Structure formats: C-alpha cells, structure tokens
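A short write-up of the structure that comes next.
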Amino acid sequence: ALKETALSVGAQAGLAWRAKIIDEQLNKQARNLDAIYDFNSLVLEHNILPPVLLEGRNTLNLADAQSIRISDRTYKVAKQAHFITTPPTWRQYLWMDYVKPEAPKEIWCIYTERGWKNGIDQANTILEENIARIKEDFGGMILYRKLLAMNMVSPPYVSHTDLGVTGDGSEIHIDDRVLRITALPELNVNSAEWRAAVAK
Amino acid sequence: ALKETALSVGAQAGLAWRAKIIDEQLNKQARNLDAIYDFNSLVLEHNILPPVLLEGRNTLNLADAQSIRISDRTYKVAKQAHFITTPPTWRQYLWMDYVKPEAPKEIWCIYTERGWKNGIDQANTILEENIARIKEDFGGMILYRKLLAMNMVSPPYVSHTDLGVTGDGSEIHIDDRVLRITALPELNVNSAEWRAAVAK
Amino acid sequence: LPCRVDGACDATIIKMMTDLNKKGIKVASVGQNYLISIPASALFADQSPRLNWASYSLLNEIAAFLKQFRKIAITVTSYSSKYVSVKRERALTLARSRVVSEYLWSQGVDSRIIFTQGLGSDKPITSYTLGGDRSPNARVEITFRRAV
Amino acid sequence: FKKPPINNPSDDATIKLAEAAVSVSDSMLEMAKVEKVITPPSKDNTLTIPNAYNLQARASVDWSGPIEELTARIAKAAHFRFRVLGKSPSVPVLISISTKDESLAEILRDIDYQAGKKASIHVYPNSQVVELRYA
Amino acid sequence: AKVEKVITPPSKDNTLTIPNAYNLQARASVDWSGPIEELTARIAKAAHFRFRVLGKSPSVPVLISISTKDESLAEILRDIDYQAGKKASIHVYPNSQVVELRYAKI
Amino acid sequence: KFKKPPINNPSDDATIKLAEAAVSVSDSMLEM
Amino acid sequence: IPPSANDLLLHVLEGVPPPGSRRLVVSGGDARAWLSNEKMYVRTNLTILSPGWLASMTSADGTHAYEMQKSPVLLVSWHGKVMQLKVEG
Amino acid sequence: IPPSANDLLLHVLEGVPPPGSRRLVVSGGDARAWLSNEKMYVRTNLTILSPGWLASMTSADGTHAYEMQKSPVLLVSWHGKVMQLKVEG
Amino acid sequence: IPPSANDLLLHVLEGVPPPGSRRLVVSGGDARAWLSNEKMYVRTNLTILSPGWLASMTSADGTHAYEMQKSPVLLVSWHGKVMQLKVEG
Numbered sequence: 001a002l003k004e005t006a007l008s009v010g011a012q013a014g015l016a017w018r019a020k021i022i023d024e025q026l027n028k029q030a031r032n033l034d035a036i037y038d039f040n041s042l043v044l045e046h047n048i049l050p051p052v053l054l055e056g057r058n059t060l061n062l063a064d065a066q067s068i069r070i071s072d073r074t075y076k077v078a079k080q081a082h083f084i085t086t087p088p089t090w091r092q093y094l095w096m097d098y099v100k101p102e103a104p105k106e107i108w109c110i111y112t113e114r115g116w117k118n119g120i121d122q123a124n125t126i127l128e129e130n131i132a133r134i135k136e137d138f139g140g141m142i143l144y145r146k147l148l149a150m151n152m153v154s155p156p157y158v159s160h161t162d163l164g165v166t167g168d169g170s171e172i173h174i175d176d177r178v179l180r181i182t183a184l185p186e187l188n189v190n191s192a193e194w195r196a197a198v199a200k
Numbered sequence: 001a002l003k004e005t006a007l008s009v010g011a012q013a014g015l016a017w018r019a020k021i022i023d024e025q026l027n028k029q030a031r032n033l034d035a036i037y038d039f040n041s042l043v044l045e046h047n048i049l050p051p052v053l054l055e056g057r058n059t060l061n062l063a064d065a066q067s068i069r070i071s072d073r074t075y076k077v078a079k080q081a082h083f084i085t086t087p088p089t090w091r092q093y094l095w096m097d098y099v100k101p102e103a104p105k106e107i108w109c110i111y112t113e114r115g116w117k118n119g120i121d122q123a124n125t126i127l128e129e130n131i132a133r134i135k136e137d138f139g140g141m142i143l144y145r146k147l148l149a150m151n152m153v154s155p156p157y158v159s160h161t162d163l164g165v166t167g168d169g170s171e172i173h174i175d176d177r178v179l180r181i182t183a184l185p186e187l188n189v190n191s192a193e194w195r196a197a198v199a200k
Numbered sequence: 001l002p003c004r005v006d007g008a009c010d011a012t013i014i015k016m017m018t019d020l021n022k023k024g025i026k027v028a029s030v031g032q033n034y035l036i037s038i039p040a041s042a043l044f045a046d047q048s049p050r051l052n053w054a055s056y057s058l059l060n061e062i063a064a065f066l067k068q069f070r071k072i073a074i075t076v077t078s079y080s081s082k083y084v085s086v087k088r089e090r091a092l093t094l095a096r097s098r099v100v101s102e103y104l105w106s107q108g109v110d111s112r113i114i115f116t117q118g119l120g121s122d123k124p125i126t127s128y129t130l131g132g133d134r135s136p137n138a139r140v141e142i143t144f145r146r147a148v
Numbered sequence: 001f002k003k004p005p006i007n008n009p010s011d012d013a014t015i016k017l018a019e020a021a022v023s024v025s026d027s028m029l030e031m032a033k034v035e036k037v038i039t040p041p042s043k044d045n046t047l048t049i050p051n052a053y054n055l056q057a058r059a060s061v062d063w064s065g066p067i068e069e070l071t072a073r074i075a076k077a078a079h080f081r082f083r084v085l086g087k088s089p090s091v092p093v094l095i096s097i098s099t100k101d102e103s104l105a106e107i108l109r110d111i112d113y114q115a116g117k118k119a120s121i122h123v124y125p126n127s128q129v130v131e132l133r134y135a
Numbered sequence: 001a002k003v004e005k006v007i008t009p010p011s012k013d014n015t016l017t018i019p020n021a022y023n024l025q026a027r028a029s030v031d032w033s034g035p036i037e038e039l040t041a042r043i044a045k046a047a048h049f050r051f052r053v054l055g056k057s058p059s060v061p062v063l064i065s066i067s068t069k070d071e072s073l074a075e076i077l078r079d080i081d082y083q084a085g086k087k088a089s090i091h092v093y094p095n096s097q098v099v100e101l102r103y104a105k106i
Numbered sequence: 001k002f003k004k005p006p007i008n009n010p011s012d013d014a015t016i017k018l019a020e021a022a023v024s025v026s027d028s029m030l031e032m
Numbered sequence: 001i002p003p004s005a006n007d008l009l010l011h012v013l014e015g016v017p018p019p020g021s022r023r024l025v026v027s028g029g030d031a032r033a034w035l036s037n038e039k040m041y042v043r044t045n046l047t048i049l050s051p052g053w054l055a056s057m058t059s060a061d062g063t064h065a066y067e068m069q070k071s072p073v074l075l076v077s078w079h080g081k082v083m084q085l086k087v088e089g
Numbered sequence: 001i002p003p004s005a006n007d008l009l010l011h012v013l014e015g016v017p018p019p020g021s022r023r024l025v026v027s028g029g030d031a032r033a034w035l036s037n038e039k040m041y042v043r044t045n046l047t048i049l050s051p052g053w054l055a056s057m058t059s060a061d062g063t064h065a066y067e068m069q070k071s072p073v074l075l076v077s078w079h080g081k082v083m084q085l086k087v088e089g
Numbered sequence: 001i002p003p004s005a006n007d008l009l010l011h012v013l014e015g016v017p018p019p020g021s022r023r024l025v026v027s028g029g030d031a032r033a034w035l036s037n038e039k040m041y042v043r044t045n046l047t048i049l050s051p052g053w054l055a056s057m058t059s060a061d062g063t064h065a066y067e068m069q070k071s072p073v074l075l076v077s078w079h080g081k082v083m084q085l086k087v088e089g
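Chains as they are written, first to last, in the working numbering: chain A, 1 to 200; chain B, 1 to 200; chain C, 1 to 148; chain D, 1 to 135; chain E, 1 to 106; chain F, 1 to 32; chain G, 1 to 89; chain H, 1 to 89; chain I, 1 to 89.
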C-alpha cells in the first residue's frame, strides 16, 4: 500500500509536469494556433458567434429486436448563435491548468515512475479531450458556413431598432440603437431550397 | 508566521512614510496645483459649484445572448450643482493622512522590507485614486462648461427674492435677500438646439 | 512572479553598441529612436543583391542587438550610389533591404512590422560619390523606436 | 555562418502543424475573398473632395448629434450658404465626428458616409452652396 | 472554401479599389493581432500616405491578425480588407496620398 | 560613452502621476 | 416509432466525451471509449465485430462512433485482420 | 428593452473606483481593475481579446473601461502583441 | 423660507464664546474657535478657504465669524499667503 501512496505521490507531480511541458509547447505554437483557430474571421456581420452544427452520416439505431431506424445524415446544432463581444481564442479551450505542487524506497522509486507515467498520459488524455473540444467547435462553425452556403440553415436576423437621444435630464445616451437577434439560426426542413455544390 | 507579522509591521510604517513623502512632495508643488485645479475660476456666478458631467463614448451593453444596446455617447450628471461658499481646493482630495505609528531576525528584515514595498505601493494606490477623483470632478466641471457652451445642458436658474427691512423689534435684518436655485442644470434632450463648434 | 528583465540587460545593450561602433556599424540613438547604419560593403558584394557568407555573423550580432528591446515596427531601408540607372538602383536596393529583412525576420526579432524599402541614392549622406558599394552613401540602415 | 530560424518548423509534427496553418490561412483568405462584398469606386456613391480653397481649411470638430447643425455651421465655417432639401425626421440622423486637426471637406465626406442612406450631401462650389438632402 | 466559392462566384477583386502605387511597392513583413487602426495607420505612415477613417468605430473592436512575410503594402492592405469582411474596408486613392479605412453602417 | 541628453534630477512617482493627470486636465481645458 | 439515434453520437463522433461520463482505457487499437449511463461509446475507424452495438454514426473521414452495452473486450477488423481491444470499466 | 450600459463605467472610465469595491492587482499591463459585486471593471487602453466583457465604454483619449465576469487572466492586445494580465481576486 | 443666520455669530463676531460651549485651541494664526453643538465657530481676521462654512457674519472692523462643520484643519488666506491652522476637537 506504500507503493500505492508512492504512485499517487508520482501521479499529481507527473500531471503538473506534463501540464507545464505542454503549456510551453502550446506557447511555442501560439501564432500558428491563432492562424488555425481563426474564430475572429468566422463571426457573423453583427458580431454573432455562429452555431456549432455537428454532422453524423450513416446513422443506425437498433431500438429492439424488431425495429431499426436509419438515417443517412443527421445535423444537430449545439451552442446556438449569439452576440459575441470578443471572439474566442484557442486558450479558453486548450490551456492546461498549471499549479506546481509542494506536497512530497525502491518500490517507491519504481511505483513513483509508474505513477509519473500515469500522470503524463492522464494529462495527455486531458489535452486530447481539449483539442477534441476545439475541433468540435471550430468544425461546427465551418460546417455552419458550409450549410449556409448550401442553404440548409437560416442566417440570423438581427433588428436594429433605433432610438435617438434617450433619457431624462440627468442621463442622456445620444445615438441609442438596440439590436436584437429575432430569428435564431435553424436548419430548414424545406428540402427543395438546398444548394448542391459541384466542383472542378 | 513571524515573517507575516514582520510584513504587517512593515506595511503600515511604509505607507505612513510614503504618505509623508507624497505630502511634502505635494506641498512642494502647491502653487502649481492651485493653478491646475482652479476650482475658484470654474464656479458659476451666484457661487454655484457646477455639476460634474461624465462622458462615455462608444457604449455597448451585452444584455443576454440575443440583445445588445449600443449608444454612441452618454452623458451623466453626478454631483449636482449646488451653492458653495468657498471653492474646493486640491487638498480636500489629494492629501493623504500622515500619522506616525508607534507600534513596533533575518526573515524579519527581508519580509519587513517586502512589507515596506507593499506599503509604498498601497500608498501609491491611494494617491492614484485621489488624483483620479480630483481629475473626475475637475474634468466634470470642464465638461459642464463645454456642454453648456454646446447647449447640451441648461444653466442653473437662481431666484433672488428680495425682502426689505424684516424682523421684529428684537432683531432686524436690513436687506434680506434670499437666493434659491429654482432650476437645476439638466441635459436637454430636445436634440435640435445643440451647438456644433468647428475650429480653424 | 512577474519578470524583471525581458531576457535582456543594459550592460549588453551598451556592450553591443560600442562593439558595433568599433566594428564600424554606426549605432546612433536619438532619444527613443535608434539607427544602425551598415555600409553595404560589409553585407553585400559590389552592386549585388546577394550577401556574402561572412556577413551573416554581422547580421547575427545585429539580431542579437535587436533582441534586446521591445519594438513595434523595425524599418530597414537601403540606398547605394548610382550605377546604371535610378530604376536599377531602386530594384537593387529594394532587393537588398528585402533580403536583409528576410534574414532578420527569419531570426528572432520581436518586432511586429518590418518595413523594407530601397531608394535610388535619394538620400546621400555625403556629396562625395567615390565609388560603388565602397562609398559611405552606399548603406543599409535599420531604424526603429524603442517602445516603452 | 548563418543560423536557422528560431521558432522554425524544424520538427516532424510542427511542419505538419504550420503547413496546416498556412493552408487554413489562405483558405480563410479565399472564403473572405468570395463573401467580401466590394464596391467599385466609379459606383461608390459617396461624396468626393469638392476641392474649394475655402473647403481646404484644416478644422477641428468633436461633436455628436444631428447632421443639419454640424453642416450649417461647417458651411458658415467655409463661408458657404447652407440649404436643406427634404424633411428632417423625428428620430434625427445622428453623426459623430471627433478629430482635432482635419480638413472640413473630408469632415463633410465622412458625415456623408455616416449619413449613408438616411441623408446625403451635395456641394455646389461655383455657387458656394452645400445642400443636405433627405429622402 | 470550395462550396462557398462555387455557390457564389467572386465577381470582383479589391485591386480596383486598392491599386498599387509608387511608395506602396515598399515591402513589409507583418505579424499583428490587434485592432485594425494602429496597423493601417502604421502601413500608411510608412507608405507616406495620409491615413483617414470614415465612420465612427464600432464598440466591439474589429480585430484582424495579419501573419505574413515579405510582400508589398498594396497586397497587405488587400489582406487587411479581406480579413475585415463586412465590418471595414480599405480604400486607397493613389492620385492623392490617402489610405482610408471605412467602418460599416451597423 | 553613450548618453541621452536630459539627465535631470530623480523624479518620484507622485509628481509622475500628477503630471499625467495635469496633461489631461490641460488639454481638456484647452479644447474647452 | 423508434428513436432516430442517440444524439450523443455526434459528440462521440468527435473525440469530445458526453457530459457526465467516465473515460475508459482502450488498449490495442486506435479507439476511445466513454461510459455514460450503463452504455459505452467508442470512437474509432476500425470495424466493430463481436459485442453488438446499439447505434452508430460515421463522420466524413471514416471515423465511426458506436453506442453499445459495456463489454470488456471489443473485436475489430483492422484491415481484414481480426483483432481485440481491452477496455477497463 | 435592455439596459443601456452600466453607469459605473463612466466612473471607471476615469480612474475612480466604484463605491464599495475591492481593488484587484493588475500585473503585466497598464490597466486597473476593481470588483464591485461579482463583476470586475478594468480601465485600460490595451484591448481585451479573450475573456469576454458584458459592457464597455471608451473616453476621448482612447481609455476604455470594461465590465466583465471575474476572470483571473486577461488576454490583451498591446500593439499587435498578444499579452496576458494577472489579477488577484 | 430658510433661516437668517445664527445669532450666535453676533456673539462670536467679538470674542465672547457661545453659552454652553467648549473652547478649541487654534495654532498658527490669530483666530479663535469654540464648539457649541457639533459645529465649530471661528472668529478671525483671515479668510478661511477649505472646509466649507455654513454661515458668516462680518463686523465693522472686518473681523469675520464663521459657523462651520468641525474640521481639524482650517486653510486660510492671510494676505494671499495660503496657510493652515490646526484645532483640537
């Protein structure tokens, strides 16, 4: 059992070490990842973050012994389109949280290196889930622009209703526009209005 | 622990020392601060202290996912226009209070000079807020006279009702003028009366 | 903890300034603007947009001097004395500035913009017009403002 | 002797990472190339510089309100007559100019821009009149 | 990019609104990720062009991030003009020396 | 030797932030 | 009328786990697996052969995602080779 | 109808804090930050890039002031440089 | 209709204290002060400048009497010189 508390001594130290090493490995590629995850050049024209349209082709569901349901494609929107102020970077997704732990014989050494490898691939699976999450979000926004080009989703309908000078004698606001999103983006089920892309 | 009460010993002594240094550093520049924060030549003509107007340009509020409110300018009236007898000096705002505290090994010395540096920057934080507060009141009164010149805020209306020889046989007042403010300054929200000031 | 230095120190700034001025690369520094003046014989050959291989040690110590500050836009411009034409002069000096800033951008500078240009002897520093790239009018010089 | 680049792609994962970065950058530039609406400059419909010597005065304006008062006193800044053709609506056409040494012809240009669809600016400099037009 | 460029053909470029010029064929190599105004003012200041804006600035900042190496200022401003898609627009009048940045009317 | 020209007295930070308050009230008073 | 699929399978068609899961430790093949509520979800590009899957999706690059009951082994076809895959949980 | 902005942003468009606040310690950039009721206000001339603000104003000299949720790091743009900023609280 | 002034200022126009008071030792110039009920009353030939006086009378020979809130520091103009005086209470 002393091997086991040596292993959990090694686990959080290996996780914090791998978190630090991939933090400066992420910081080495910071302009490259800013070029990769250009969310700023994917927002809509009234500063709307576009929604995340997941795609699944070739879907089957065996409900019981007697009935299946197949569909050829499904498209599901998660994370619906909304007024963003500042567009998201990679660092809200991918930054692993670095603390440096100050919490400290032969089986201690070999189980602490086994725990160090467990902390290293545990932090690697945290990273694998993080680039999985940002690949999901950026691929869904790319797929929103694809299906808007294919006329499968509606664009969002803002309404800037204007107010002029607004308020009493103690507060004025001079050009007071209030902007709403009335229509959220949604998939149209009208099948005949779609666009089918050729190439050459 | 003993280092922690060492830095708490050093903090109040350092902020009192930095308070004394900025006090006679203020007193070195005392006629320049009288020329800079000239509140006396900024009063209105019945010794009304003018109100402080705060400008905020490019205001946006993200209320939810679906609605934002922008305004191009906002003007706010804080600290409304009122009868002062004497004008405010700079020393009501800027003077930090100098007491000399009479409340007293190696880690004591190095933590008490870390505490001395924390007392020095905490006293500089209080000086930065005091310089900010007098900059807010003085730029508010400059913004009053600018928007009064641009006809965005109404001037105050005094009313000197004159009473003659008043009082009974036991007390007389010979010329009893009672002066009121009937109309406070307020921002006019009919927008067509505003005055665009060009220059050359 | 925040960092005291930015990987750089004032002793190494004055050491690289007096060593570059000892090498003949004149480092003027007026206020916050800075100016490293390289004669074109120290970098290129005669009337050529090609570096000599020995000049990359000079560009390595120029980029190690350029690492020391925090800047926004390094501009680098070149002018050489008149050879066949002003259009040949501007194409030669535009290629000379673009090859020296291609190496400086390949190296570590922490500038954001590098403005590379060449003029066709339009700012001569001397009325003496002694030769080609041995002339002190033939120069590439690197100017920036040290931000904060 | 020269040197390699400092944060070079000098590594078998990072060459694929930065090759993917330059690929997604130029593909971002061509999707921006298609959905960028442009205007041709012969059909841009904004005001030109009217090149009058009274209109080449370097002015300074910090103001935000209705376009009629700024154009009226920018007209009498330029010694121009000022005509308003059209009806000013109840919600006013609001502009915002904050520059502190700039020519008043280009100030007139970008209030014509900030009007846009709600108003328009004409300058006839031979008769020295400037006309704010509504719609 | 394939499906968008085939469902709408891009009919026009932006070289007809940003043409090349002498002292616009000076070259630059830019990494930048802030707002558009400091970048375009620095491009025009080294281009020896008077920079002016049209439109008041939006309250969200229009952000670009130009990361490229060794090209001229005309195609740098064309990349700035494309990266500011429907938010801003770069025009260059090379008969005079004006680089002009226009925001949008929303 | 390398030297920028104005080597004045040592300023302190009270006069520094008083100066960058005073320039803002100076040019706001100037435009007023 | 049966349900269409699970809508968790578009999340596990990427590598992102379902909300409130537990990871599973796949060994001997390039699959990932999560255990959400008495159901495991594998994300792979192998072909699942033995243990019976209840639902499946497939992305553009031949990644599949399978919803199945919790079996400790998985039989896959790699490229015509029958292989196995241990999970733990 | 939404609210217009916060009208504490004209106070923090100057350097003066809100009434009844706690100051946060901005390191790594010329900003100040205060914390009034679960919201931090920064007074900046750097531009805020990552963590999302709920409201903003901007003075005549390009000082902005942002109302946001309590984030420990701010990502700013200085002059195209993308820097970070630590607060405490 | 507001009140006229205090008629205690007719007393403290010359040197006599108000009835039921407490004296205040003024240092740094020829001025005297009393404290009647949470307002201090000063008699001086200088003109006080900072702390705000609620009421004032002025004699035939130009001595002033002010009624004011109790401030420990009185700023004055002597003859254009700006001096301070301390009180105790």
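Cβ coordinates follow ideal geometry from the N, Cα and C atoms, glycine included.
- Counting only Cβ-Cβ distances below 8 Å, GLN92 of chain A has no contacts in chain D at all, with the closest Cβ about 19 Å away.
- The Cβ-Cβ distance between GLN128 of chain D and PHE80 of chain D falls below 8 Å.
- With the criterion set as a beta carbon lying under 7 Å from some beta carbon of chain C, the members of the segment 32–60 of chain E are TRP32, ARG42 and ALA46, in sequence order.
- With respect to chain B, the C-beta atom of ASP12 of chain F has a partner C-beta closer than 8 Å.
- Interface residue (Cβ-Cβ distance to chain E less than 8 Å): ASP101 of chain D is not classified as such.
- Taking a Cβ-Cβ threshold of 7 Å, the residues of chain E close to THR47 of chain H are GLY34, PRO35 and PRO61, in chain order.
- Rounded to the nearest whole angstrom, the C-alpha separation of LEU59 of chain C and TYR103 of chain C is 8 Å.
- Cβ contact annotation for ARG180 of chain A (same chain, cutoff 6 Å, sequence separation greater than five): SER159, in chain order.
- For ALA197 of chain B against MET152 of chain B, the beta-carbon gap comes to about 11 Å, at or over 8 Å, which does not count as contact.
- Residue pairing by DSSP puts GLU102 of chain D in a beta bridge opposite D:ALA59.
- The Cβ-Cβ distance between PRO66 of chain D and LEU94 of chain D falls below 8 Å.
- Separation of the CB atoms of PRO3 of chain G and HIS11 of chain G is rounded to 16 Å, and the pair is thereby denied contact status at 8 Å.
- For a Cβ distance threshold of 8 Å, nothing in chain A lies close to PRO72 of chain H: the least Cβ distance comes to about 11 Å.
- For the 8 Å CB-CB criterion, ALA147 of chain C and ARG70 of chain C form a contact.
- Approximately 4 Å separates the beta-carbon atoms of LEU75 of chain G and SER50 of chain G; this is inside 8 Å, confirming the contact.
- Looking only at C:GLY132, C:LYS82, C:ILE72 and C:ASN137, the smallest Cα-Cα distance to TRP78 of chain H is reached by C:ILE72.
- Around the beta-carbon of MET83 of chain I, fewer than 16 other beta-carbon atoms lie within 10 Å, marking it exposed.
- For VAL26 of chain I, same chain residues with a beta-carbon under 7 Å away, outside a window of 5 residues either side, are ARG32, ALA33, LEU85 and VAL87 in chain order.
- Taking 8 Å as the threshold, the shortest C-beta distance from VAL61 of chain D to chain B falls below it.
- For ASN20 of chain E, same chain residues with a beta-carbon under 6 Å away, outside a window of 5 residues either side, are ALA74 in chain order.
- Under the DSSP assignment, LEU46 of chain H falls outside any beta strand (DSSP E); it carries neither an H nor an E label.
- In the structure shown, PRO19 of chain I adopts coil according to DSSP, grouped into three states.
- Under a 10 Å Cβ-count criterion, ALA20 of chain D is classified as exposed, with fewer than 16 other Cβ atoms of the shown protein chains found around its own Cβ.
- Distances from the alpha-carbon of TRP90 of chain A to those of A:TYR111, A:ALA1, A:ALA35 and A:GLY56 put A:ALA35 closest.
- Inter-residue distance for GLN68 of chain C and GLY7 of chain C is about 7 Å (C-alpha atoms, whole angstroms).
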